[PDB]
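Working notes, beginning with the structure itself.
If you read the sequence from its start, that first residue is 1, and numbering goes on from there. Any value given below was found using the heavy atoms of this structure, including those in side chains, with hydrogens, waters and symmetry copies removed.
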Amino acid sequence: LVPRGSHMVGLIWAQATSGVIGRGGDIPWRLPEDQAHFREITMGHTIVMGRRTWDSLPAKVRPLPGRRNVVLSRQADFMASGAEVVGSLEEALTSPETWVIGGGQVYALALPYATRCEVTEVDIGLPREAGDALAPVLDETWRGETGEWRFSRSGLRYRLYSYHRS
Ligand SMILES: NC(=O)c1ccc[n+]([C@@H]2O[C@H](COP(=O)([O-])OP(=O)(O)OC[C@H]3O[C@@H](n4cnc5c(N)ncnc54)[C@H](OP(=O)(O)O)[C@@H]3O)[C@@H](O)[C@H]2O)c1
Ligand SMILES: CCc1nc(N)nc(N)c1OCCCOc1cc(C)ccc1N1CC(C(=O)O)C1
């Protein structure tokens, strides 16, 4: 349960088996089951994203519906129509339950405050290239549940992980 006086922080991402989450301003695969899962978990909560993740959303789609959208930027003139731009996690994490939805920089930034990670891993062979955005590495304080490999309508294997810590 999430008490309303708390500030729970979760991270949610989809990665290739290499840990790649982003390349060239996009995600280098498509998996409908991951889109459905991401929406099931985040719906109704505040979502926090880095400015480059906001940029990666088509203008017509953003802000993402059904969730309070918060974007992190250090640029005083960056504006996100329909959403709030703040300069720090201190300002972004005021809700009782917040999902950090990427990208690579913001996962690393939020990791010290997070107590849950929800991961989709896609069995697509995409080795890491310079400039890629990557999933955060999780130390031994994080305890994980790994699901069995499942198979997408799109013909890719995928599996879910849930990590927690105190
Ligand atoms: N597979 C997934 O689950 C997933 C999820 C989300 C995104 N992605 C992909 O990941 C990539 C984007 O990730 P990324 O690592 O390049 O960028 P990002 O984390 O989305 O955004 C980085 C931006 O966030 C701001 N930022 C970073 N640290 C900050 C801090 N301490 N305080 C205030 N603002 C801060 C900065 O904006 P300013 O430069 O404006 O100051 C920085 O440029 C894209 O390819 C995207 O498609 C994948
Ligand atoms: C779904 C990708 C994803 N997957 C997981 N597991 N974690 C994340 N943080 C995550 O990136 C969330 C931000 C990027 O978003 C999208 C990206 C693409 C290529 C297709 C659909 C969406 N979606 C936002 C729209 C919505 O949510 O309404 C549908």
Side-chain angles (χ1 to χ4, degrees), residues 2 8-72 80 82-83 89 92-93 95-111 113-139 142-165:
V2 174
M8 183 266 161
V9 177
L11 313 188
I12 181 162
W13 73 85
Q15 62 174 71
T17 50
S18 60
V20 171
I21 68 166
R23 174 173 299 166
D26 203 346
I27 303 178
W29 65 83
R30 292 291 183 270
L31 201 83
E33 289 84 355
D34 176 61
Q35 299 172 202
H37 177 65
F38 171 70
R39 290 169 40 75
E40 291 293 326
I41 298 282
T42 61
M43 206 54 51
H45 306 295
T46 297
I47 58 177
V48 169
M49 73 197 84
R51 189 270 296 168
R52 296 178 186 253
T53 294
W54 174 269
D55 286 346
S56 77
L57 302 174
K60 72 188 172 190
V61 170
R62 64 200 188 188
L64 300 180
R67 287 149 291 180
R68 172 186 172 232
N69 283 225
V70 178
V71 184
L72 287 166
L89 278 185
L93 299 178
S95 302
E97 177 166 349
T98 303
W99 285 94
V100 173
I101 71 155
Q105 295 184 31
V106 173
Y107 293 131
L109 182 66
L111 191 64
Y113 308 104
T115 49
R116 188 174 161 193
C117 295
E118 292 296 338
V119 183
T120 305
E121 181 168 53
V122 181
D123 196 16
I124 187 168
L126 296 174
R128 294 185 294 270
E129 303 183 357
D132 279 352
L134 307 179
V137 291
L138 300 181
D139 64 37
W142 288 97
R143 306 317 297 159
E145 310 169 66
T146 302
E148 77 286 346
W149 285 114
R150 301 163 68 159
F151 197 47
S152 168
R153 182 180 64 191
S154 296
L156 287 166
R157 303 202 307 168
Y158 71 99
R159 61 182 170 188
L160 303 181
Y161 300 72
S162 301
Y163 291 88
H164 292 85
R165 65 172 176 172

Look at the side chain of [X] and the backbone N and O of [Y], then say whether any donor-acceptor pair between them is shorter than 3.5 Å.
{"X": "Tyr107", "Y": "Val137", "value": "no"}
{"X": "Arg62", "Y": "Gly82", "value": "no"}
{"X": "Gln15", "Y": "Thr120", "value": "no"}
{"X": "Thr53", "Y": "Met49", "value": "no"}
{"X": "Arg39", "Y": "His37", "value": "no"}
{"X": "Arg116", "Y": "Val9", "value": "no"}

query: Would you say the side chains of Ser18 and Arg128 form a donor-acceptor pair under 3.5 Å?
result: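 No pair is found: no donor N or O on one side chain lies under 3.5 Å from an acceptor on the other.
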
- prompt: Is it the case that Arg159 and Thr146 place a side-chain donor and acceptor less than 3.5 Å from each other?
  reply: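 Distance-only check fails for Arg159 and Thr146.
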
4.5 Å side-chain heavy-atom contact, [X] and [Y]:
{"X": "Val100", "Y": "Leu109", "answer": "no"}
{"X": "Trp99", "Y": "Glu97", "answer": "yes"}
{"X": "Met8", "Y": "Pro96", "answer": "no"}

query: With ring centroids as reference points, do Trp149 and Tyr158 lie under 6.0 angstrom apart?
result: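 Centroid distance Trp149-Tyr158: not below 6.0 Å, so no.
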
Residue from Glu118, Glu145, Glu121 passing side chain to side chain donor-acceptor pair (under 3.5 Å) with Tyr161: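 Output: one option passes, namely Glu121.
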
query: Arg30: what forms a side chain to side chain contact (heavy atoms under 4.5 Å, CB included) with it, not counting sequence neighbours?
result: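 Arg30: side chain to side chain contact (heavy atoms under 4.5 Å, CB included) contacts with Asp26, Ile27, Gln35.
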
task: Please list, chain by chain and in numerical order, all residues satisfying salt bridge (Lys or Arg N to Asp or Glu O under 4.0 Å) with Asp132, sequence neighbours excluded.
output: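 With sequence neighbours excluded, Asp132 shows a salt bridge (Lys or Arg N to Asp or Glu O under 4.0 Å) to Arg23, given in chain and number order.
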
